[PDB]
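The form deposited in one PDB entry is given below as one chain in C-alpha coordinates.
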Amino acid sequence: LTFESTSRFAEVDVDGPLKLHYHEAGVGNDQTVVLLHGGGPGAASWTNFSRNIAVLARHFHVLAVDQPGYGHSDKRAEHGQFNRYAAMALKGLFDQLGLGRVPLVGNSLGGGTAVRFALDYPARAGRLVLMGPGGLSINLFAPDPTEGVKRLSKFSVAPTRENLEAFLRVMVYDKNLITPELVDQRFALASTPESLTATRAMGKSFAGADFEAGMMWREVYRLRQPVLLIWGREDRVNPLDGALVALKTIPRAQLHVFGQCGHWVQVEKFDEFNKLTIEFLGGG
(Lines give C-alpha, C1' and ligand atoms only; values in the text may rest on other atoms or scores of the structure.)
Protein backbone atom coordinates (compact mmCIF):
# COMPACT_ATOMS: atom_id res chain seq x y z
CA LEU A 1 0.00 0.00 0.00
CA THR A 2 1.49 3.37 -1.13
CA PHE A 3 0.33 7.01 -1.59
CA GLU A 4 0.32 6.35 -5.38
CA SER A 5 -1.42 2.90 -5.34
CA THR A 6 -4.28 4.18 -3.08
CA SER A 7 -4.66 7.65 -4.68
CA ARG A 8 -8.11 8.45 -6.19
CA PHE A 9 -9.85 11.65 -7.45
CA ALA A 10 -13.53 12.62 -7.76
CA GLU A 11 -15.21 15.85 -8.97
CA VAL A 12 -18.22 16.94 -6.87
CA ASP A 13 -20.35 20.13 -6.98
CA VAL A 14 -20.17 22.68 -4.10
CA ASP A 15 -20.88 26.19 -5.59
CA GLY A 16 -19.19 24.84 -8.76
CA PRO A 17 -16.70 22.01 -9.54
CA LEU A 18 -14.60 20.78 -6.55
CA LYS A 19 -11.80 18.20 -6.99
CA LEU A 20 -11.56 15.79 -3.97
CA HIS A 21 -8.44 13.62 -3.50
CA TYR A 22 -8.85 10.47 -1.33
CA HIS A 23 -7.07 7.14 -0.63
CA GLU A 24 -8.85 3.78 -1.06
CA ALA A 25 -7.79 0.40 0.45
CA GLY A 26 -9.41 -2.88 1.57
CA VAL A 27 -11.69 -2.91 -1.54
CA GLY A 28 -14.17 -5.83 -1.26
CA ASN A 29 -14.23 -5.77 2.60
CA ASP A 30 -17.97 -5.74 3.52
CA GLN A 31 -17.86 -2.50 5.65
CA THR A 32 -16.83 0.92 4.24
CA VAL A 33 -15.36 3.48 6.71
CA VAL A 34 -14.50 7.12 5.91
CA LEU A 35 -11.43 8.72 7.59
CA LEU A 36 -11.18 12.54 7.96
CA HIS A 37 -7.72 13.96 8.93
CA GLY A 38 -6.81 16.83 11.32
CA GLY A 39 -6.28 20.49 10.35
CA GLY A 40 -2.57 21.24 11.12
CA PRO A 41 -0.47 23.01 8.38
CA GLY A 42 0.51 20.54 5.59
CA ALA A 43 -1.87 17.88 7.01
CA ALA A 44 -3.43 15.33 4.61
CA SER A 45 -5.09 11.84 4.68
CA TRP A 46 -2.02 9.71 3.93
CA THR A 47 0.43 11.40 6.38
CA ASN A 48 -2.29 11.72 9.13
CA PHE A 49 -3.38 8.02 9.02
CA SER A 50 -0.08 6.25 7.87
CA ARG A 51 0.14 4.02 11.05
CA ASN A 52 -3.65 3.25 10.68
CA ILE A 53 -4.81 2.81 6.99
CA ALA A 54 -2.83 -0.44 6.40
CA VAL A 55 -4.20 -1.94 9.68
CA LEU A 56 -7.82 -0.73 9.19
CA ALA A 57 -7.79 -1.94 5.48
CA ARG A 58 -7.33 -5.52 6.87
CA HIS A 59 -10.95 -5.22 8.20
CA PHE A 60 -12.73 -2.36 6.34
CA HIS A 61 -13.03 -0.74 2.91
CA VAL A 62 -11.20 2.54 3.87
CA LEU A 63 -11.83 5.90 2.15
CA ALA A 64 -9.41 8.53 3.57
CA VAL A 65 -10.57 11.89 2.14
CA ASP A 66 -8.37 15.02 1.86
CA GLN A 67 -10.78 17.77 3.07
CA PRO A 68 -11.11 20.89 0.88
CA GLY A 69 -7.97 23.08 1.31
CA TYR A 70 -5.73 20.10 2.26
CA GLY A 71 -3.44 17.56 0.49
CA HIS A 72 -4.47 17.30 -3.22
CA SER A 73 -8.14 18.42 -2.81
CA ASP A 74 -9.04 21.91 -4.14
CA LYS A 75 -7.57 24.90 -2.14
CA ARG A 76 -10.11 27.71 -2.74
CA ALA A 77 -9.27 31.24 -1.41
CA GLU A 78 -12.89 31.57 -0.01
CA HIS A 79 -15.68 29.33 1.51
CA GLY A 80 -18.42 29.44 4.24
CA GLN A 81 -18.14 27.76 7.72
CA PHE A 82 -15.42 25.17 7.05
CA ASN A 83 -17.09 22.06 8.61
CA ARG A 84 -20.38 22.61 6.64
CA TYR A 85 -18.30 23.29 3.41
CA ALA A 86 -16.32 20.05 4.05
CA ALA A 87 -19.55 18.09 4.93
CA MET A 88 -21.19 19.30 1.63
CA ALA A 89 -18.07 18.09 -0.31
CA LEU A 90 -18.27 14.69 1.53
CA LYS A 91 -22.06 14.43 0.71
CA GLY A 92 -21.08 14.99 -2.99
CA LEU A 93 -18.52 12.15 -2.72
CA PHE A 94 -21.01 9.80 -0.92
CA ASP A 95 -23.60 10.42 -3.71
CA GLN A 96 -20.97 9.98 -6.50
CA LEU A 97 -19.61 6.68 -5.02
CA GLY A 98 -23.15 5.35 -4.17
CA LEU A 99 -22.50 5.17 -0.35
CA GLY A 100 -25.52 4.55 1.95
CA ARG A 101 -24.93 4.84 5.74
CA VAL A 102 -21.17 4.70 6.54
CA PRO A 103 -19.27 5.03 9.88
CA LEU A 104 -16.86 8.03 10.13
CA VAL A 105 -13.46 8.35 11.90
CA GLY A 106 -12.45 11.99 12.39
CA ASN A 107 -9.35 13.52 14.03
CA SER A 108 -9.47 17.19 15.23
CA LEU A 109 -10.87 19.33 12.28
CA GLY A 110 -12.07 16.10 10.60
CA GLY A 111 -14.00 15.20 13.80
CA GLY A 112 -15.87 18.51 13.48
CA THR A 113 -16.52 17.67 9.78
CA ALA A 114 -17.75 14.13 10.70
CA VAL A 115 -20.18 15.61 13.28
CA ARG A 116 -21.53 18.40 10.94
CA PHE A 117 -22.07 15.66 8.30
CA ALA A 118 -23.87 13.32 10.83
CA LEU A 119 -26.14 16.26 11.91
CA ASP A 120 -26.98 17.65 8.40
CA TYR A 121 -27.32 14.18 6.67
CA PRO A 122 -28.41 11.96 9.57
CA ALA A 123 -29.29 8.85 7.45
CA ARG A 124 -25.79 8.84 5.77
CA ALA A 125 -23.65 8.65 8.98
CA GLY A 126 -23.19 5.47 11.04
CA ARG A 127 -21.06 5.03 14.21
CA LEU A 128 -18.60 7.92 14.78
CA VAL A 129 -15.03 7.66 16.19
CA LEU A 130 -13.84 11.22 17.12
CA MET A 131 -10.21 11.86 18.28
CA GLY A 132 -9.61 15.20 20.04
CA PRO A 133 -12.39 16.55 17.83
CA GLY A 134 -13.00 20.20 16.94
CA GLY A 135 -16.51 21.68 16.83
CA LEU A 136 -18.22 19.50 19.47
CA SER A 137 -15.42 20.33 22.01
CA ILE A 138 -15.91 23.34 24.31
CA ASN A 139 -12.96 23.80 26.77
CA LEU A 140 -14.93 24.54 30.00
CA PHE A 141 -11.72 25.19 32.01
CA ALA A 142 -8.92 25.97 29.45
CA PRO A 143 -8.77 29.66 28.41
CA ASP A 144 -9.21 30.08 24.60
CA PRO A 145 -7.21 30.29 22.51
CA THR A 146 -5.24 27.26 23.83
CA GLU A 147 -1.43 26.93 23.53
CA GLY A 148 -1.98 24.69 20.47
CA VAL A 149 -4.35 27.13 18.73
CA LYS A 150 -1.99 30.11 19.50
CA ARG A 151 1.04 28.29 17.90
CA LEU A 152 -1.09 27.52 14.78
CA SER A 153 -2.09 31.24 14.51
CA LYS A 154 1.59 32.28 14.94
CA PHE A 155 2.60 29.93 12.04
CA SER A 156 -0.26 31.39 9.89
CA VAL A 157 1.13 34.97 10.49
CA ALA A 158 4.88 34.01 10.18
CA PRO A 159 4.99 30.71 8.22
CA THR A 160 8.61 29.79 9.18
CA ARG A 161 10.20 26.36 9.89
CA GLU A 162 10.84 27.39 13.56
CA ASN A 163 7.11 28.32 14.16
CA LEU A 164 5.95 25.02 12.50
CA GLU A 165 8.28 23.05 14.78
CA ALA A 166 6.87 24.92 17.85
CA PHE A 167 3.29 24.02 16.68
CA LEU A 168 4.14 20.29 16.09
CA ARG A 169 5.80 19.98 19.58
CA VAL A 170 2.43 20.80 21.33
CA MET A 171 0.67 18.05 19.24
CA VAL A 172 2.37 15.16 21.14
CA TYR A 173 3.32 14.10 24.68
CA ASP A 174 6.68 12.57 23.49
CA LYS A 175 8.41 15.47 21.67
CA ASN A 176 10.91 12.94 20.09
CA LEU A 177 8.21 12.01 17.51
CA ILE A 178 8.90 15.55 16.08
CA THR A 179 11.93 14.58 13.93
CA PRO A 180 13.83 16.96 11.60
CA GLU A 181 12.39 14.85 8.67
CA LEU A 182 8.78 15.26 9.85
CA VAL A 183 9.39 19.07 10.25
CA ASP A 184 11.12 19.31 6.80
CA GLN A 185 8.32 17.21 5.16
CA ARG A 186 5.38 19.17 6.80
CA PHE A 187 7.12 22.58 6.20
CA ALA A 188 7.58 21.70 2.47
CA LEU A 189 3.80 20.96 2.08
CA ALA A 190 2.58 23.73 4.49
CA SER A 191 4.56 26.67 2.89
CA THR A 192 3.34 26.33 -0.80
CA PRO A 193 1.40 29.51 -1.81
CA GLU A 194 -1.97 27.64 -2.30
CA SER A 195 -1.63 25.82 1.13
CA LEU A 196 -0.98 29.24 2.82
CA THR A 197 -4.09 30.55 0.83
CA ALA A 198 -6.18 27.59 2.18
CA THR A 199 -4.91 28.14 5.82
CA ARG A 200 -5.57 31.95 5.70
CA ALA A 201 -9.13 31.35 4.22
CA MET A 202 -9.65 28.94 7.25
CA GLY A 203 -9.08 31.84 9.76
CA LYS A 204 -11.88 34.03 8.23
CA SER A 205 -14.48 31.13 8.35
CA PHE A 206 -14.23 30.10 12.08
CA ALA A 207 -13.99 33.88 12.97
CA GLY A 208 -16.63 35.06 10.37
CA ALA A 209 -20.44 35.52 10.64
CA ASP A 210 -20.92 31.68 10.05
CA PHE A 211 -19.50 30.79 13.54
CA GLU A 212 -22.73 29.23 15.07
CA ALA A 213 -22.50 26.14 12.71
CA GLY A 214 -19.03 25.58 14.30
CA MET A 215 -20.51 25.36 17.87
CA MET A 216 -21.59 21.74 17.56
CA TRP A 217 -21.49 21.13 21.37
CA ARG A 218 -24.95 22.88 21.11
CA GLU A 219 -26.36 20.21 18.71
CA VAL A 220 -24.87 16.71 19.42
CA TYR A 221 -27.80 15.74 21.77
CA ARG A 222 -29.44 15.04 18.33
CA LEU A 223 -26.92 12.23 17.38
CA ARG A 224 -28.72 8.82 17.58
CA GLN A 225 -25.72 6.54 16.72
CA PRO A 226 -23.01 5.18 19.04
CA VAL A 227 -20.15 7.75 19.27
CA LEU A 228 -16.69 6.87 20.67
CA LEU A 229 -14.78 9.97 21.87
CA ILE A 230 -11.00 9.35 22.09
CA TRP A 231 -8.73 11.85 23.92
CA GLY A 232 -5.06 12.19 24.84
CA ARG A 233 -4.94 13.25 28.51
CA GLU A 234 -2.12 15.72 27.55
CA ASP A 235 -3.93 17.20 24.48
CA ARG A 236 -2.72 20.87 24.38
CA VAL A 237 -4.85 21.83 21.29
CA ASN A 238 -8.34 20.63 22.29
CA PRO A 239 -7.77 19.69 25.95
CA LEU A 240 -9.68 16.95 27.83
CA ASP A 241 -12.19 19.37 29.49
CA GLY A 242 -13.62 19.81 25.89
CA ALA A 243 -15.04 16.21 25.93
CA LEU A 244 -17.54 16.84 28.78
CA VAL A 245 -20.56 18.43 26.98
CA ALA A 246 -20.47 15.76 24.18
CA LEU A 247 -20.07 12.88 26.72
CA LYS A 248 -23.04 14.19 28.74
CA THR A 249 -25.40 15.03 25.82
CA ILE A 250 -24.82 12.26 23.18
CA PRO A 251 -27.16 9.43 24.34
CA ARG A 252 -24.93 6.50 23.11
CA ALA A 253 -21.57 8.18 23.78
CA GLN A 254 -18.44 6.46 25.10
CA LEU A 255 -15.16 8.16 26.06
CA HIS A 256 -11.65 6.65 26.14
CA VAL A 257 -8.76 8.76 27.52
CA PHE A 258 -5.10 7.70 27.06
CA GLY A 259 -2.59 8.90 29.66
CA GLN A 260 0.83 9.92 28.20
CA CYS A 261 -0.79 10.98 24.91
CA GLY A 262 -1.21 14.37 23.20
CA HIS A 263 -3.51 15.55 20.37
CA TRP A 264 -2.23 12.94 17.81
CA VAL A 265 -3.85 9.84 19.40
CA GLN A 266 -3.74 7.86 16.11
CA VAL A 267 0.14 8.31 16.15
CA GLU A 268 1.12 8.23 19.90
CA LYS A 269 -1.29 5.38 20.81
CA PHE A 270 -1.52 3.99 17.21
CA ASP A 271 -1.93 0.32 18.30
CA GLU A 272 -4.56 0.89 21.05
CA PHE A 273 -6.33 3.41 18.73
CA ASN A 274 -6.50 0.87 15.81
CA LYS A 275 -7.84 -1.88 18.16
CA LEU A 276 -10.50 0.37 19.82
CA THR A 277 -11.68 1.62 16.32
CA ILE A 278 -11.78 -1.96 14.91
CA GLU A 279 -13.81 -3.29 17.91
CA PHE A 280 -16.15 -0.22 18.08
CA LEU A 281 -17.04 -0.30 14.35
CA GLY A 282 -17.86 -4.06 14.75
CA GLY A 283 -14.57 -5.82 13.77
CA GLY A 284 -15.58 -5.48 10.06
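Under this definition, the rigid core comprises the largest set of C-alpha atoms superposing within 1.5 Å between the forms. All residue numbers refer to positions in the sequence shown, first residue = 1. Shifts are known only where both forms have a C-alpha.
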- request: Would you determine, from the values in the PDB entry, which of 242-250 and 59-67 has the greater average C-alpha temperature factor?
  value: 59-67
message: When the Cα temperature factors in the entry are averaged, is it 272-280 or 17-25 that ends up higher?
response: 17-25
query: Taking the values straight from the PDB record, which of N107, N83, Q185, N139 has the highest C-alpha temperature factor?
result: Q185
task: Specify which of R161, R101, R127, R151 carries the largest Cα B factor in the deposited PDB entry.
output: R161
Modelled-residue ranking by C-alpha temperature factor, third containing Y173: middle
- line: Temperature factor at the Cα of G208, chain-ranked in thirds, falls in the highest
- request: Taking the values exactly as deposited, rank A198 by C-alpha B-factor within its chain and report the matching third: lowest, middle or highest.
  value: highest
query: Taking the entry's C-alpha B-factors for this chain, is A77 in the lowest, middle or highest third?
result: highest
Cα B factor band for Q225 (lowest, middle or highest third within the chain): lowest
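Keep in mind that the form deposited with a small molecule bound is missing from the display, and what follows is about it.
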task: State yes or no: in the deposited complex, is some non-hydrogen atom of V34 no more than 4.5 angstroms from a non-hydrogen atom of the small molecule?
output: no
message: Can you work out whether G40 and the small molecule are in contact in the deposited complex, taking contact to mean some heavy atom pair no more than 4.5 Å apart?
response: yes
message: Would you classify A190 as touching the small molecule in the deposited complex, given a 4.5 Å non-hydrogen atom cut-off?
response: no
message: Whether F167 contacts the small molecule in the deposited complex should be assessed with a 4.5 Å heavy atom distance threshold; does it?
response: yes
Sole residue of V172, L119, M88, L109 within 4.5 Å of the small molecule in the deposited complex, by heavy atom: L109
Contact residue in the deposited complex, chosen from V237, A243, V65, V227 - any heavy atom within 4.5 Å of the small molecule: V237
statement: In contact with the small molecule in the deposited complex (heavy atoms, 4.5 Å), from 175-183, 71-79, 126-134, 94-102, is stretch 126-134
field: Out of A188, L140, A207, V157, the residue that alone shifts its CA by 2 Å or more between this form and the one not shown when the rigid core is the reference
entry: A207
field: Displacement runs between this form and the one not shown, C-alpha, 2 Å or more, three or more consecutive residues, core aligned
entry: 206-208
